[PDB]
Amino acid sequence: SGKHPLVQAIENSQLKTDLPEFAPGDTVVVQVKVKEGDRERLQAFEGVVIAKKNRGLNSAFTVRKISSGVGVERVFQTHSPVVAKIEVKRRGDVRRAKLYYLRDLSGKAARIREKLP
RNA sequence: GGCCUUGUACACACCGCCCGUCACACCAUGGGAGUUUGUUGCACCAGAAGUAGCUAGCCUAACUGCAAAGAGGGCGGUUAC
């Protein structure tokens, strides 16, 4: 709430009301809507959350994964309608908010310990 | 000019035989700044399926228990090769 009240009021009418709770270090599956011509489908993007920005309507989160030996990161905009659904598959145990150090690790070294209730 | 003997790689028989460089044509081959293929010795990194060990997170038909739940099993995690 660092913006003017009118801007806050305009942003508040667009907020999603069903996002789950998730934190950096988790692994999530994001369903993205893909539109080809008139063909609508859902595509899954599964990976580790390495960064999360909490800014209301301007909230975002970064997901990193390995695809056919190539690392790929996508910075999803949380409240965009393109993100159909977010599932939390596993909860991780980390010590910091941003996990950019995972970019320099591979395979076993990049494993994240599971957070145990 | 004639006879005997001797040496010879000459026998078309010394107008013999025959050697090497240079020039010409062909053939195989050695060396050579480098270029490139296969294979291999170490040293390290990464590492699947699989097997062996340890775990206690989760889930559970046959057994035990009046039942609560145990035993056993499975998934997961993890170490070695």
# chains A, B, ... in the order shown; residues from 1 in each chain; ligands from 1

$ residues_around --residues "residue A:64" --least-positions-apart "6" --cutoff "6 Å" --atoms "only C-alpha atoms (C1' of nucleotides)" --output "PyMOL selection string"
chain A and resi 47-48+72-73

$ select_by_dssp --residues "chain A" --states "strand (DSSP E)" --output "ChimeraX atom specification"
/A:27-36,39-53,60-67,70-77,83-90

$ interface_residues --of "chain B" --to "chain A" --cutoff "10 Å" --atoms "only C-alpha atoms (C1' of nucleotides)" --output "VMD selection string"
chain B and resid 46 to 47 57 77

$ residues_around --residues "residue A:81" --least-positions-apart "2" --cutoff "9 Å" --atoms "only C-alpha atoms (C1' of nucleotides)" --output "ChimeraX atom specification"
/A:16,33,78-79,83-84

$ closest_residue --among "A:1, A:8, A:54, A:80" --to "residue A:21" --atoms "only C-alpha atoms"
A:54

$ select_by_dssp --residues "stretch 51-115 of chain A" --states "helix (DSSP H, G or I)" --output "number ranges by chain"
A: 56-58, 100-104, 107-110

$ atom_distance --atom1 "atom CA of residue A:77" --atom2 "atom CA of residue A:59"
6.2 Å
